[PDB]
Structures are given as structure tokens and as C-alpha cells.
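Undergrad: Protein chains in written order, with our numbering: chain A, 64 to 482; chain B, 1219 to 1309.
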Amino acid sequence: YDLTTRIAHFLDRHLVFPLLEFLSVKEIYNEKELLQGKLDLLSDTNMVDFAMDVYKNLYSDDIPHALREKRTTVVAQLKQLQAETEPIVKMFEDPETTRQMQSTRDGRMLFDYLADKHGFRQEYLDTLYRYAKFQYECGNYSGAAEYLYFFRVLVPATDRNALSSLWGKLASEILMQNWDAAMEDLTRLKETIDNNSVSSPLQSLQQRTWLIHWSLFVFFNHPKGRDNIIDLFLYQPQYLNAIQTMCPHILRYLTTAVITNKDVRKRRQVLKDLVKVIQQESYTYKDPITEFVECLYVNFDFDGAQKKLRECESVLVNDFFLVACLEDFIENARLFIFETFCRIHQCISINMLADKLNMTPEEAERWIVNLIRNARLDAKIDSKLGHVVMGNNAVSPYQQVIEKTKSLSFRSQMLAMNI
Amino acid sequence: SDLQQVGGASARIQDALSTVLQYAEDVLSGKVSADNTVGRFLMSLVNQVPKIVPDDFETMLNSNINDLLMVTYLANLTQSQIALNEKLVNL
């Protein structure tokens, strides 16, 4: 692929502001912890997710990172460190810097209202340029940045400053929880990547990763963002080669967002073109919980598979990542493996499903009746042995061939009989 | 059809012959040369056709009549497709 040869010389030399260091010596579910570390570096420090990281397993070392930025909210980081009792004696930058920033906002704010009121085209651009330095320097001041970016955005060096501003507004208001602003810049970012800029190797890759970071976590209508991201740049499960790929996780959410919002016909293409392409072949042997879902599905097992998927449910229900639709994923994973299994089956005992998944046999019967009720399974149910029996053995293919061969030719001869 | 008429002509001679053979025994005394001899000829016929008797076998026979009819139907379709090719190339 073109853009892949662009990657091939470079070899994971990505430009990230945290450099390389993330929260060390982590215990539970190491693939999830490793994923959190590559994501923290590629999102330029998350922040919010540090609390989530500590909630699943007790770690002290967010303090670590959390002490070293001030523009989240100076008072919040200072309260976080003094709750811990970190005895820094290095908190002297902020009263000087914030006092310069206060004078800078008010001595911009007077011009803010004049430039709006006068409406003069040079004055508004000069006031915007005089603003642009300040909001780059501190966006905490978040609503001040949003007011500035509501109108013009663009300053004389357009591409870099506009694109960094869209990433910064999207990142800030995802952290602050202002979803409408985040939804606006998810939309504004995917519009902005067309033209593009110089598109020097790493820039295009960072843009792909930023699209993954806003799409990933699920607030409102993220299945539409799933549709927009996959056919954008043409269908990949990770969107980078050069062996080190591990984002890792997006295919899990993507598969569920196909299953609960679309027909599964349709998962035949996902199996070839996302699962068996070499980017996922690289990812699969870095995530055995993802591997069990795909490897059990493609080999069609009946009773190693169902136990291992139930074993995987136990880890997945203890995933503290944002995803919204958690039991929706798990329940349609149970349905989709059963639906896949039943495609060519002769029989299934109602009890033998029930023992296996740890459910009662009546609950299992009513669940199978719900497959039939939705037309996800042709069947008869034996009332007195308690077994569901399938029978789609279609005797006589000849007629539906006969339909087509003589409908076209005979009517074509009738068309001929008129000149 | 000529063979079927010869066979039905022969079968009607058998009905008439067996009627006379029995009636010869009823009238006074007869059938001595036609006793276990004819009873073996009639069994020789019956053992071959219809072979056996149960429901499994007539169901199998009717399934074969449907397949022979399906082959005959497909032969009408091949001949009609040869006709569709014939009708296109003779205009």
C-alpha cells in the first residue's frame, strides 16, 4: 500500500510529547496495561484515564506524570499531590505565570469586545493573532479557546495551527466532558484531513491515531464513526504496518458495532479483510483474549469454544475502558457463536447449552425461542426429549436454475418475433 | 406398445387357461398335470414381478418414478434449449 512504504523507512519513530515513559511495574491484565501505555503516549497524556487506571488496580505512579502539567487545572493537580503528601517544594512557577496570564486575558478581553463591536477586518485578525499566542500558551481558559475557535480558527500559517487547535480543543473538551464540543471537533477533524498538508510520513500517521482516539471511547452515535473510520483510508484493522502495531483493541469495538447495528452477512468480509490481513496477524499474537474470539469463530468449535468465551466474559466484564455497550457486546457474542454453530447443525440439547454457559434449562429454552422469534434460526423443538433439531437439507436445486435459464431466453425469442 | 399388446394378449390367454384348468377339477376331475407345475410357474412370475411387497419398496419405486420423470423433464428442457439455440441461428 502507498502510505505503508512511507512508514517503511521510518520504523516507529513517532513524535509524541511524553516521549516514551509511562507508569511502570503494572500487574493485572498486562496486554491492557501495555495498551494503556501506547495510548497515553499517542494521545499526548491521559489524564482522566489515570483515575480509571488506579480504580482497576491500586497504583501510586500516576502522581509521576500528574505533577508535571499544570494546564489541566493548577488547583486540581496541587490538591492531588498534597492529598498524596508529595513534598515537592517546587510550585512557584504558577503564581507568577497565572498572574501574567490574568493580565493577558483581560488586556485581550477589552480588545475582544471592541473587535466584535467594530467588526473591522484588519482589527479582528490582529486581535485574533494577539489571542492565538495566549490560548496556545494556556487553554484553561477552555471556553475562551472555544469562543476563539467558534469563529475564525485560521491564522497566517494556516495548516499546522488549525490542525493543532482542532486536536487541542478535541482533547481538552473530551477531558472536561463537554461532549457537544468533542462531537463538533470529531466532525471538524475528519473534514480537515482531505486537502491535506505537506503529509510528511509521521504527520499522516498521527492524524490516523487522532481519529482512533476520538472514535474509540463511545459517548453518543459512535457506530456512525465506526462506518466513517473504516471506509476512510480503505479498511484496515490497525492502520499501520512495520511490525510494532498494537492499537490493539479497536477491532473488538468495531466488530460489536457491526453486529448490533447491521446484519452479520457481512462478518464474512470482516473475517477476510480485517481479521486475516497481516496487520491483524501481527496484533492477534499480542492479545490472546482477542485471539480466542477470532480463532474459535473461524474453526467452528462447539464446547472448547463456548467455555473459553464464557472465561473471556469474566475478563471482559472487568474491562474498565470506556466502551458504553458492554453487555450488548457480551450477549451478542453468545448469540453470534450460537448462530454460527447452528448454521450447519443437526441437533442441540437444551440442557447441554445450559450446563455449559451456567444458565437454567428453561432460560436456555426461552433464549433459543428468541433466536427463532427473530428468525436467526430455522428449527423444530422436541417437547418431550428437550432437544432443538434443525433440518435445512434442501432437496431439489433444479427449479431455481430452470426459472432463470428459460425466463430470459424464451422472452428474448418473443422480443425477436416483431420485425 | 406392440410388446405390451402381445403381453396383454398372452395374459388374457393365461386368465382363460387357468379358468379352464380350475373348472376341469370342479367338473369331475382335472388339473393333475397342472398341479404343483403351474403353482411353480405362477410363483416364478410373482417372485420376479412385483418383487416382494412392503411399503418401503413401493415408496422406493415411486421415488424412482419421480427421478425417471425428472430425467424425462430435463430431456424436454435440453431439447427445448437445443431448440432455443436452433431458433436463434435460423433467422
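Even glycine gets a Cβ: it sits at the ideal position worked out from N, Cα and C.
Would you call the segment 399 to 406 of chain A in contact with the segment 287 to 302 of chain A, where contact means no fewer than 3 C-beta pairs closer than 8 Å?
TA: Cβ pair count under 8 Å is below three, so no.
Undergrad: Run down chain B in chain order and give the residues with a C-beta less than 7 Å from the C-beta of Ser-472/A.
TA: In chain order: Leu-1302.
Undergrad: Where DSSP assigns a beta bridge to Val-452/A, which residues make up the other side?
TA: Its beta-bridge partners are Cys-410/A and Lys-443/A.
Undergrad: What do you reckon, are the CB atoms on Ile-292/A and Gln-270/A nearer than 8 Å?
TA: Not closer than 8 Å, so no.
Undergrad: For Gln-301/A, is the classification buried or exposed, using 16 other Cβ atoms within 10 angstroms of its Cβ as the cut-off for buried?
TA: Result: buried.
Undergrad: If you draw a straight line from the alpha carbon of residue 496/A to that of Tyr-316/A, how long is it in whole angstroms?
TA: Any answer about residue 496/A is impossible in this case: the structure gives chain A only from 64 up to 482.
Undergrad: Does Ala-479/A come within less than 8 Å of chain B when only Cβ atoms are used?
TA: Cβ-Cβ to chain B under 8 Å: yes for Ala-479/A.
Undergrad: Using three-state DSSP, classify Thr-468/A as helix, strand or coil.
TA: If DSSP states are grouped into helix, strand and coil, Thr-468/A belongs with the helices.
Undergrad: Using a Cβ-Cβ distance cut-off of 8 Å, determine whether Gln-476/A contacts chain B.
TA: Interface residue, yes.
Undergrad: For the alpha helix (DSSP H) holding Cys-388/A, just list the boundary residues, first then last.
TA: It is not in any alpha helix (DSSP H) - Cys-388/A carries neither H nor E in the DSSP assignment.
Undergrad: Closest Cβ-Cβ distance between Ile-482/A and chain B: below 8 Å?
TA: No, because no Cβ of chain B sits closer than 8 Å to the Cβ of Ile-482/A.
Undergrad: Closer than 8 Å is the cut-off here; do at least three beta carbon pairs connect the segment 85 to 100 of chain A with the segment 119 to 128 of chain A?
TA: Verdict: yes, contact present.
Undergrad: Which runs of the alpha helix (DSSP H) spanning at least 4 residues fall entirely within the segment 153 to 239 of chain A, listed in chain order?
TA: Taking only runs of at least 4 residues, the alpha helix (DSSP H) segments lying wholly in the segment 153 to 239 of chain A are 156 to 181, 184 to 200, 205 to 214 and 221 to 239.
Undergrad: Beta-carbon separation of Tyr-360/A and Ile-400/A under 8 Å?
TA: Yes, these two residues count as a Cβ contact at 8 Å.
Undergrad: Could you please give the first and the last residue of the uninterrupted alpha helix (DSSP H) stretch that includes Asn-1303/B?
TA: Start and end: 1273 to 1306.
Undergrad: When we look at the beta-carbon of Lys-232/A and count the other beta-carbons within 10 Å, is it buried (16 or more) or exposed?
TA: That one is buried.
Undergrad: Which whole-angstrom value is the C-beta distance of residue 37/A and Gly-202/A, which I expect to be below 8 Å?
TA: Given that chain A is displayed from residue 64 to residue 482, the structure contains no residue 37/A and the question cannot be resolved.
Undergrad: Residues of chain B with a CB under 8 Å from the CB of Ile-465/A: which are they?
TA: Near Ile-465/A (Cβ distances below 8 Å), the residues of chain B are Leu-1295.
Undergrad: Three or more C-beta pairs under 8 Å: does that hold for the segment 133 to 141 of chain A against the segment 89 to 102 of chain A?
TA: Counting Cβ pairs under 8 Å, fewer than three are found: no touch.
Undergrad: Give every residue of the same chain whose Cβ lies closer than 7 Å to the Cβ of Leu-66/A, excluding the five residues on either side of it in the sequence, and list them in chain order.
TA: Hits under 7 Å: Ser-267.
Undergrad: Going along chain A in order, which residues have a C-beta closer than 8 Å to the C-beta of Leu-1286/B?
TA: Under the 8 Å cutoff, chain A gives no residues; its nearest Cβ is about 14 Å from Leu-1286/B.
Undergrad: State the CB to CB distance for the pair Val-386/A and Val-281/A, rounded to an integer number of angstroms; the pair is presumed to be in contact (CB under 8 Å).
TA: Correct: roughly 6 Å between the Cβ atoms.
Undergrad: At least one CB of chain A closer than 8 Å to the CB of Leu-1309/B: is that the case?
TA: Yes, because at least one Cβ of chain A sits closer than 8 Å to the Cβ of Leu-1309/B.
Undergrad: Is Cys-410/A buried or exposed, if buried means 16 or more other CB atoms sit within 10 Å of its CB?
TA: Exposed is the call here.
Undergrad: Residues of chain A with CB under 9 Å from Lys-1269/B, in chain order?
TA: The contacting residues do not exist; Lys-1269/B stays about 26 Å from chain A at best.
Undergrad: Among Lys-371/A, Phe-363/A, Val-378/A and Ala-305/A, which has the Cα closest to the Cα of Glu-344/A?
TA: That would be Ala-305/A, whose Cα lies nearest to the Cα of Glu-344/A.
Undergrad: Compute the Euclidean distance between the alpha carbons of residue 540/A and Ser-205/A, then round it to the nearest angstrom.
TA: Given that chain A is displayed from residue 64 to residue 482, the structure contains no residue 540/A and the question cannot be resolved.
Undergrad: For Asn-395/A, which residues in the same chain have their Cβ closer than 8 Å to its Cβ, ignoring the five residues on either side in sequence?
TA: Hits under 8 Å: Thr-319, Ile-322 and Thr-323.
Undergrad: Are the Cβ atoms of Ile-237/A and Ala-245/A separated by less than 8 Å?
TA: Contact flag set, yes.
Undergrad: Taking the Cβ atom as the reference point for each residue, do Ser-228/A and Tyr-212/A lie within a distance shorter than 8 Å?
TA: Against a cut-off of 8 Å, the Cβ pair of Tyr-212/A and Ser-228/A comes out as a contact.
Undergrad: Between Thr-148/A, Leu-265/A, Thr-68/A and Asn-414/A, which has its C-alpha nearest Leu-448/A's C-alpha?
TA: Comparing Cα positions, the closest option is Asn-414/A.
Undergrad: Quick check on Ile-70/A: buried or exposed, where buried means 16 or more other Cβ atoms within 10 Å of its Cβ?
TA: Buried, because 16 or more other Cβ atoms sit within 10 Å of the Cβ of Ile-70/A.
Undergrad: Fully enclosed by the segment 332 to 402 of chain A, which beta strand (DSSP E) runs are 3 residues long or longer?
TA: For the segment 332 to 402 of chain A, not a single whole beta strand (DSSP E) run of length 3 or above is found.
Undergrad: May I ask you to report which of helix, strand or coil DSSP gives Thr-1237/B?
TA: Correct three-state label for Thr-1237/B: helix.
Undergrad: Expressed to the nearest angstrom, what Euclidean distance is found between the alpha-carbon atoms of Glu-390/A and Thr-353/A?
TA: Approximately 17 Å between the Cα atoms of the pair.
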